[PDB]
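# Observations on chain architecture
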Amino acid sequence: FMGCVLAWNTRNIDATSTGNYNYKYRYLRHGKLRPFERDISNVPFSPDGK
Amino acid sequence: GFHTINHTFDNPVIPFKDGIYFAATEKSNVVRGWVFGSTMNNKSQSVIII
Ligand SMILES: *[C@@H]1O[C@H](CO)[C@@H](O[C@@H]2O[C@H](CO)[C@@H](O)[C@H](O)[C@H]2NC(C)=O)[C@H](O)[C@H]1NC(C)=O
Ligand SMILES: *[C@@H]1O[C@H](CO)[C@@H](O[C@@H]2O[C@H](CO)[C@@H](O)[C@H](O)[C@H]2NC(C)=O)[C@H](O)[C@H]1NC(C)=O
C-alpha cells in the first residue's frame with residue numbers, strides 16, 4: 001500500500017439517543033476478499049453451501 | 001477454437017482462470033464485444049464492452 005489514512009470523530013451528527021440504524025456489515029462469507037474487491041450481493045446463507 | 005457457420009451458433013460460458021488471451025478473424029465485424037461477470041443472474045456486477 002502507498003498512501004495516507006485519515007479519520008475523525010463524528011458523534012455530533014452520526015449518533016443520537018434513540019440510535020441510528022442505517023448501517024450494515026457482512027460478517028459471513030465462504031471466502032475472504034482480494035485487495036480492493038467488492039461484493040454487494042444480498043441472499044439467504046446456509047453453512048452447507050446450498 | 002470456435003466457429004459460427006450456417007445453423008451453428010456457439011455462445012458457451014467460458015471460465016476466466018484469472019486471465020485470458022483472445023484473437024478473432026472477422027471479415028465484416030461479426031463479433032461486437034464481450035461480457036464479464038461471475039453469476040450473470042441478478043446477483044453480481046457485470047460489464048459490457050461493445
Ligand atoms: C469472487 O471469487 C470467489 C472465489 O474466486 C467466488 O467464491 C466462490 O463462489 C462459488 C459459488 O458457488 C463457490 O462454489 C466457491 O467455493 C467460491 N470460492 C472459490 C475459490 O471458487 C465468488 O463467487 C466471487 N464473487 C462473486 C460475486 O461471485
Ligand atoms: C432477475 O430479476 C427479475 C425480477 O426479480 C426476474 O423477473 C421475474 O421472473 C419471474 C419468472 O421468470 C417472474 O415470475 C417474476 O414476476 C419476475 N419479476 C418481476 C418483478 O417481474 C428475472 O427472472 C431475474 N432473472 C433471471 C435470469 O431469472
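Throughout, residue numbers begin from 1 within each chain and advance along the sequence as written. They need not agree with those in the entry, and any residue without coordinates is left out. The naming scheme follows written order: chains are lettered A onward, ligands numbered 1 onward. Because the shown chains make up only part of a larger assembly, each value pertains to the shown part and nothing beyond it. Excluded from the side-chain calculation are hydrogens and water; included are all heavy atoms of the structure.

For this entry, the PDB record names cryo-EM as the structure determination method and reports a resolution of 3.8 Å.

## Section: the packing of aromatic side chains
Under the pairing criterion, centres of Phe, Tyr and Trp rings, with the six-membered ring standing for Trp, must be within 6.5 Å; the plane angle then separates stacked pairs below 30 degrees from edge-to-face pairs above 60, leaving the rest tilted. On inspection of all chains with the given rule, the structure shows 3 aromatic pairs over all chains. Plain terms: the ring middles of A:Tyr25 and A:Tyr27 are 6.5 Å apart, the flat faces sit at 50° to each other, and that makes the pair tilted. With a 1.4 Å probe rolled over the protein chains alone, any residue whose accessible area is under 20% of its type maximum counts as buried; one over 50% counts as exposed, and the rest are partly exposed. Given the relative accessible area of 72%, A:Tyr25 is considered exposed. Residue classification places A:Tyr27 among the exposed positions, given a relative accessible area of 66%. Judged by centre distance (6.0 Å) and plane angle (85°), the rings of B:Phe16 and B:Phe36 are edge-to-face. You can see B:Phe16 sitting in the segment before β1 (34–36) and its partner B:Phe36 sitting in strand β1, a full 20 residues away along the chain. For the purposes of this entry, the term helix denotes a DSSP run of H or I that reaches at least four residues, the term strand denotes a run of E that reaches at least two, and both are numbered from the N terminus.

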